[PDB]
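Every chain is numbered from 1 and lettered A, B, ... according to where its sequence line falls, protein lines coming before strand lines. All heavy atoms count here, side chains included; hydrogens, waters and symmetry mates do not. Just so you know, ligand 1 is whichever comes first in the structure, and atom 1 is the first atom listed for that ligand.
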Amino acid sequence: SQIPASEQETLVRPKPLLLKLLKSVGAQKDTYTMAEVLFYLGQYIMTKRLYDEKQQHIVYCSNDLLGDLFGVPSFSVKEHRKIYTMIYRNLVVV
Amino acid sequence: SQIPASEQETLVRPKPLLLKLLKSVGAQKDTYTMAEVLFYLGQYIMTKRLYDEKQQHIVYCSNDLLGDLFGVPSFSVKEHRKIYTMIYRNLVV
Ligand SMILES: O=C1c2cccc(Cl)c2[C@](OCC2(CO)CC2)(c2ccc(Cl)cc2)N1Cc1ccc([N+](=O)[O-])cc1
Ligand SMILES: O=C1c2cccc(Cl)c2[C@](OCC2(CO)CC2)(c2ccc(Cl)cc2)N1Cc1ccc([N+](=O)[O-])cc1
């Protein structure tokens, strides 16, 4: 956060639409700190799949020589076994 | 270490197209450890921008109530002051 601590702990009362949204994912109250609002928005965001975590770590290799060699348009940098399998089809163990 | 150390250190010879890919970003040899192949693949990937921060960190809220509350189709989770500004419009302190 580039937001000062004092600001994060500011006590606030969500308007009716923001309140309904927060309670829709389990918020219990009518007043919150700003830190609490952000926690519940985070839950809302993840629940409505407005952010995708897997898609944060993707190589897009279609129409590139790498896509030709691996035989795929995309892959996760976090899935090492899957990369190794694709690499092995392009070499010989000595 | 998803991959065992000994496998990472396995000595391998890239077939011609992979080899040309590797030398295209500075690789100097015909023979490599698997670790070395992954390093040079990484350099290729980043050079050609096949992986790019431009697609990262985004909340796409255009088609959700949140987009209507925030007045935008999307926002970056890293833009903390923007997020605060957008939230303050939706409340009273
Ligand atoms: O770092 C992240 C993060 C990363 C990826 C996806 C999501 Cl969803 C989040 C998000 O919540 C994550 C969770 C915690 O509550 C688990 C749910 C979030 C993003 C955007 C919003 Cl508007 C709210 C939370 N978050 C927390 C946060 C972001 C920004 C600020 N700020 O403005 O100073 C404060 C807190
Ligand atoms: O963690 C990351 C990472 C994160 C974001 C983008 C990129 Cl490009 C990479 C990548 O290279 C990073 C750099 C180092 O050489 C600086 C360039 C990479 C991804 C995919 C491939 Cl196919 C190769 C490297 N990498 C390293 C790595 C990933 C997977 C394995 N594994 O399967 O055992 C081994 C090593």
Side-chain angles (χ1 to χ4, degrees), chain A residues 1-5 7-10 14 18 21-22 25-27 32-61 64-67 69-70 72 74-91, chain B residues 1-5 7-10 14 18 21-22 25-27 32-53 55-61 64-67 69-70 72 74-90:
Chain A
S1 235
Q2 319 98 36
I3 303 293
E7 183 149 9
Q8 310 197 23
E9 295 318 316
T10 312
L18 174 56
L21 176 160
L22 300 177
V25 290
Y32 298 86
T33 67
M34 287 286 295
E36 284 173 325
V37 171
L38 278 149
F39 177 92
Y40 285 116
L41 283 174
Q43 299 300 324
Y44 174 88
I45 282 167
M46 287 323 287
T47 301
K48 301 299 301 282
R49 310 174 301 271
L50 303 187
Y51 181 102
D52 194 314
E53 179 49 46
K54 296 306 192 165
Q55 293 298 119
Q56 299 298 308
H57 311 293
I58 302 309
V59 174
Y60 295 99
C61 47
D64 184 281
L65 175 55
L66 176 57
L69 298 190
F70 276 18
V72 301
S74 67
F75 66 94
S76 173
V77 300
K78 314 268 289 281
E79 276 188 355
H80 297 178
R81 175 51 63 196
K82 277 164 175 159
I83 293 161
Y84 265 57
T85 299
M86 288 179 301
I87 290 169
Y88 280 128
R89 310 202 209 98
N90 289 88
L91 54 71
Chain B
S1 170
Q2 308 183 25
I3 303 310
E7 185 174 352
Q8 298 181 52
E9 284 297 276
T10 317
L18 174 53
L21 186 161
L22 298 183
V25 290
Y32 298 89
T33 69
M34 278 294 279
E36 278 170 331
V37 172
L38 272 299
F39 179 90
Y40 284 115
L41 281 166
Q43 296 302 320
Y44 179 94
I45 286 167
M46 290 317 290
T47 298
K48 291 195 84 161
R49 301 184 188 92
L50 303 187
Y51 173 104
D52 204 78
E53 179 158 43
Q55 281 94 50
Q56 283 173 331
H57 310 307
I58 300 175
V59 182
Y60 193 92
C61 49
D64 191 279
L65 173 61
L66 179 62
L69 301 188
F70 280 14
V72 290
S74 66
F75 66 94
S76 162
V77 298
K78 296 211 299 159
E79 294 283 336
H80 298 158
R81 181 48 64 189
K82 278 185 190 279
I83 295 173
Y84 264 66
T85 318
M86 283 176 304
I87 287 164
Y88 284 132
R89 282 193 224 110
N90 286 267

May I have the step-by-step check of side-chain contact (heavy atoms from CB on, under 4.5 Å) for A:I45 and B:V77, ending in yes or no?
CA-CA 11 Å; A:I45 282 167; B:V77 298; over 6 Å; no
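Contact between B:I58 and A:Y51 at its shortest, heavy atoms only, is O-CD1, 3.5 Å. Listed here is the closest heavy atom pair of A:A35 and A:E9: CB-OE2, 4.0 Å.
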Table of N or O contacts for ligand 2, cutoff 3.5 Å:
from	atom 1	to	atom 2	distance (Å)
ligand 2	15 (O)	B:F39	O	3.1

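Using cut-offs of 30° and 60° on the angle between ring planes, the pair A:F75 and A:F70 is tilted.
Inter-residue side-chain proximity for B:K48 and B:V25 is flagged as unmet; no heavy-atom pair is nearer than 4.5 Å.
Salt-bridge formation is not detected for the pair A:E79/A:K54: no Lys NZ or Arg NE/NH1/NH2 atom is positioned less than 4.0 Å from an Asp or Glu carboxylate oxygen.
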